[PDB]
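Visitor: Once you've seen the sequence and the experimental structure below, I've got questions.
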Amino acid sequence: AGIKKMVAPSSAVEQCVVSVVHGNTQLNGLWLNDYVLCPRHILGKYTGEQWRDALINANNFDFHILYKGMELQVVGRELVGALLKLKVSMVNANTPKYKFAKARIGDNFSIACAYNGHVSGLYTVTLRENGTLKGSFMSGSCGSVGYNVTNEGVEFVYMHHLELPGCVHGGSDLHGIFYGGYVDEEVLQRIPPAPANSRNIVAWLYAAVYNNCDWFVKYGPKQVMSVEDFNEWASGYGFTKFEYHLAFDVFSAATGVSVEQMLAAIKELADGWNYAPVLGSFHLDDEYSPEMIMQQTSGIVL
């Protein structure tokens, strides 16, 4: 029982995290096969036009890559979106079975927060609709990766680049594509605020029912809001449109509560409450993906 933010185990990632130093700039990289990926501003602080010229003017020996003290020699430079791809003279025997995947809105992933090429801590983040994360990042953490672990292997989805006003964090996938409408430049970037993720809130409400907190649903006569009706309300109250998830079939099977009851509860609880806590809170929590809740709950039919 109980509900916590679950971080994927880090052993596979720790064996790929490296330090990349080029000049005064210090940040982190990802060692896979015979190449290292790190943010492009390792070259320096430049503008879209300048990145190609900075890479051209660079020398392979100016990049110093360390994995647990051992030097990795660069044998090739390349730009991959907002990332630098440095071919190295040694193949990472610790390269896991992995895929580069794009995190989708509402997904959780784990941040391997690193400094000087050493993971110092892990936490879970949630991809918001505007492509930003509510992370915890200090100077030197650029190049920290976000990842998931499946039965098929490691899934690298994120590399950290920048901090935005209001303790908001942005980055790219491992193809160097930024997740939001921001850029890796020292410029004031005010980005649209993120609506609350309705799908995730449904998962959190189910997790409450799984843990004997059903006052919001059982306490009232069965109250229901259709998906169509809810989507219209959410559009004008700062909530995302409901998106279904396979986990809801499992959750309603174990709890007897339908999605439509949860949507009605969301409308009822949208402004917060004070009757009783729900998983220790008095406001809806949108930070738990359905996958995160499902790995903390049991199926009951089979």
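Guide: Great, that's in hand. Numbering: from 1, shown residues only.
Visitor: if I pick residue 36, what's in contact with it?
Guide: Residues near residue 36 by CB atoms under 8 Å, 6 or more residues apart in numbering: 18, 20, 29-30, 65, 72, 74, 85-86, 88. (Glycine included, C-beta is placed from N, CA and C.)
Visitor: what's the spacing between residue 215 and residue 15?
Guide: 46 Å (CB to CB, to the nearest Å).
Visitor: How far does the top strand by length along the chain sit from its chain's centre?
Guide: Longest among the strand segments of the chain by residue count, using DSSP state E, is strand 153-164. In terms of CA atoms, centre = their mean, to the nearest Å, the centre of strand 153-164 is found 7 Å from the chain centre.
Visitor: If you count contacts, what does that strand end up packed against?
Guide: Counting contacts by 3 or more CB pairs under 8 Å, 6 or more residues apart in numbering; DSSP states H and E, strand 153-164 is packed against helix 11-14, strand 25-32, strand 35-39, strand 98-100, strand 108-115, strand 145-150, strand 168-172.
Visitor: May I see the ones you listed organised as TSV, with distance to residue 224 added?
Guide: As requested, these are exported to TSV (distance: least, CB to CB, whole Å):
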stretch	distance to residue 224
helix 11-14	43
strand 25-32	47
strand 35-39	48
strand 98-100	39
strand 108-115	28
strand 145-150	34
strand 168-172	36
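Visitor: Ok, which of those comes nearest residue 121?
Guide: Closest to residue 121 of the helices and strands packed on strand 153-164, according to CB to CB: strand 108-115, at 4.9 Å.
Visitor: any idea how far that closest one is from the chain center?
Guide: 8 Å.
Visitor: I'd like to know which elements it is packed against.
Guide: Short answer (3+ CB pairs under 8 Å, 6+ apart): strand 108-115 packs on strand 118-126, strand 145-150, strand 153-164.
Visitor: could you dump the longest strand of the chain to PDB, C-alpha only?
Guide: Only the C-alpha atoms of strand 153-164 are listed here, as PDB (Å, rounded to 0.1, in the frame of the first residue of the first chain):
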ATOM      1  CA  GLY A 153      15.800  -2.000 -21.700                       C
ATOM      2  CA  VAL A 154      16.700   1.700 -20.900                       C
ATOM      3  CA  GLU A 155      14.700   4.400 -22.500                       C
ATOM      4  CA  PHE A 156      16.500   7.800 -22.800                       C
ATOM      5  CA  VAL A 157      14.000  10.600 -23.300                       C
ATOM      6  CA  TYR A 158      15.600  13.800 -22.000                       C
ATOM      7  CA  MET A 159      18.800  15.800 -21.600                       C
ATOM      8  CA  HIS A 160      18.700  18.900 -19.500                       C
ATOM      9  CA  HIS A 161      19.700  22.300 -21.000                       C
ATOM     10  CA  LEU A 162      18.300  25.300 -19.300                       C
ATOM     11  CA  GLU A 163      16.300  27.000 -16.600                       C
ATOM     12  CA  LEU A 164      13.300  29.300 -17.200                       C
END
